[PDB]
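could you work out the structure for the sequence below:
(one chain, ligands or ions: 2)
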Amino acid sequence: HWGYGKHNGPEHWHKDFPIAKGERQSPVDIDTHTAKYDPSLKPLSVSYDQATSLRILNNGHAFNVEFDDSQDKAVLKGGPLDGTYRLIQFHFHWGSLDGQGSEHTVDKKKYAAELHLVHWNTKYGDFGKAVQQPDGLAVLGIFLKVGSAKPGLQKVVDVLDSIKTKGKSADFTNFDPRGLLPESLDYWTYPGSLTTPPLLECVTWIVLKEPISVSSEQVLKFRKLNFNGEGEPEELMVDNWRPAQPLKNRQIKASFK
Ligand SMILES: Cc1ccc(O)c(S)c1
Ligand SMILES: [Zn+2]
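Numbers count the residues shown, from 1 in each chain. Ligands and ions are numbered 1, 2, ... in the order given. Pasting the structure now:
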């Protein structure tokens with residue numbers, strides 16, 4: 001099945017998921033000079049004060065920090081969005097080397113990793129019905145660069161050794177995703193897709209301009225995770241990013257001058 005290696009990586013995914021060569025695939029390169037400022041974008045509203053994390057899971061492709069999305073807590077609205085989108089999980093994509101890892105790129109620059117905070121449009125009732133709709137998801141994408149540590153990330157880094165391999169989970173309560181956000185909410189936005197199979201075209205992407213800084217030791221610990229299950233040959237969970245896809249008939253809009 002699918003993954004990130006030579007035989008089952010991004011160049012292969014189209015055979016099981018033909019939408020891989022669709023009209024609104026993600027990620028894309030963000031050409032900052034041609035992304036036009038849109039003064040009709042309303043400001044972005046991230047309301048994470050009542051977020052309830054539950055668990056962290058190694059799914060064999062990344063790790064997910066999962067949230068209780070059974071009530072009106074942890075919502076994203078405003079910006080380009082009509083309505084309210086509820087946080088369900090976040091995960092990262094990262095590299096084997098600090099010079100690569102992000103899925104979106106900014107004027108072809110690759111960051112060391114990228115955070116995806118995944119939210120579903122509450123008008124569709126749950127995640128599974130929302131990924132059947134073209135406006136079902138909003139993903140807040142945040143770039144990571146290597147420099148100073150991100151103190152708000154440490155509780156995640158410290159739990160990773162308990163979920164080394166595919167299928168492992170760990171209780172992960174009371175984690176506050178506000179500690180993963182940069183100062184500014186200036187962003188670029190465009191219509192796209194999941195960047196992993198099943199590659200569904202449901203996503204309004206909101207990619208923050210300001211990266212967060214994480215330390216070299218924090219990212220090194222992401223790179224000790226494993227794609228394989230326990231008892232299987234070790235394959236380090238690194239380079240779980242899809243490269244940029246054709247922009248096709250899309251415009252990227254900037255929230256800022
Ligand atoms: C499950 C899932 C939801 C949203 C996403 O952007 C990605 S990459 C994966
Ligand atoms: Zn992702």
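
what about residue 14, which SS state?
helix (DSSP: H, G, I helix; E, B strand; the rest coil).

burial count for the closest residue to it other than its chain neighbours?
Distances taken as CB to CB, 6 or more residues apart in numbering place residue 20 nearest to residue 14, at 3.8 Å, with adjacent residues excluded. C-beta: built from backbone N, CA, C; applies to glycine. Number of residues near residue 20 (other CB atoms under 10 Å) recorded here: 20.

quick one, helices of the stretch 101-250 of the chain?
Applying DSSP state H, counting those that start in this stretch to the stretch 101-250 of the chain gives helices spanning 127-130, 154-159, 216-222.

now tell me what touches the second one from outside.
So that's helix 154-159. For helix 154-159, the external contacting residues (CB atoms under 8 Å, 6 or more residues apart in numbering) are 56, 65, 170, 172, 175, 218, 221, 222.

near ligand 1, which residues of the protein? Just list them.
Taking CB under 6 Å from any ligand atom as the criterion, the chain approaches ligand 1 at residues 116, 118, 137, 139, 194, 195, 196, 203.

identify the farthest-apart pair in those.
Farthest pair in those (CB to CB) is 137 and 196. Separation: 12.6 Å.

which residues does residue 29 contact?
Contacts here follow CB under 8 Å, 6+ apart; on that basis residue 29 touches 104, 105, 106, 107, 108, 244, 247.

and the gap between the residue located most distally from the centre of the chain and residue 4?
In the chain, counting by CA atoms, centre = their mean, residue 231 sits farthest out from the average C-alpha position, at 28.6 Å. Distance of residue 231 to residue 4, computed by CB to CB, to the nearest Å: 21 Å.

hmm, back to that, correct me if wrong, but the residue nearest to residue 14 is in a helix.
Yes. Under three-state DSSP, residue 20 falls within a helix.

residue 82 is in contact with residue 138, correct?
No. At 10.3 Å, residue 138 does not count as touching residue 82 under the criterion of CB atoms under 8 Å.

the more surrounded of those two?
Higher neighbour count among residue 138 and residue 82: residue 138, with 29 against 11, using other CB under 10 Å.

tell me what that one is bridged to.
Beta-bridge pairing of residue 138 under DSSP bridges involves residue 119, residue 204.

Three-state assignment for residue 64, please.
Once three-state DSSP is applied, residue 64 turns out strand.

my read: it touches residue 87, true?
No. In this structure, residue 64 is not within contact of residue 87 by CB under 8 Å, at 11.8 Å.

between the two, point out the one with more neighbours.
The residue with more neighbours, out of residue 64 and residue 87, is residue 87; 27 against 21, by other CB under 10 Å.

what distance do you get for the residue nearest to that one when sequence neighbours are not counted to ligand 1?
Counting by CB to CB, 6+ apart, residue 74 is the residue found nearest to residue 87 once chain neighbours are left out, at 3.8 Å. Distance, residue 74 to ligand 1, by CB to the nearest ligand atom, to the nearest Å: 15 Å.

OK, contacts around residue 74?
47, 48, 50, 51, 52, 67, 86, 87, 177.

among those, the buried ones, what's the PyMOL command?
Only the buried entries of the contacts of residue 74 go into this PyMOL selection, using 16 or more other CB atoms under 10 Å:
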select buried, resi 47+48+51+52+67+86+87+177
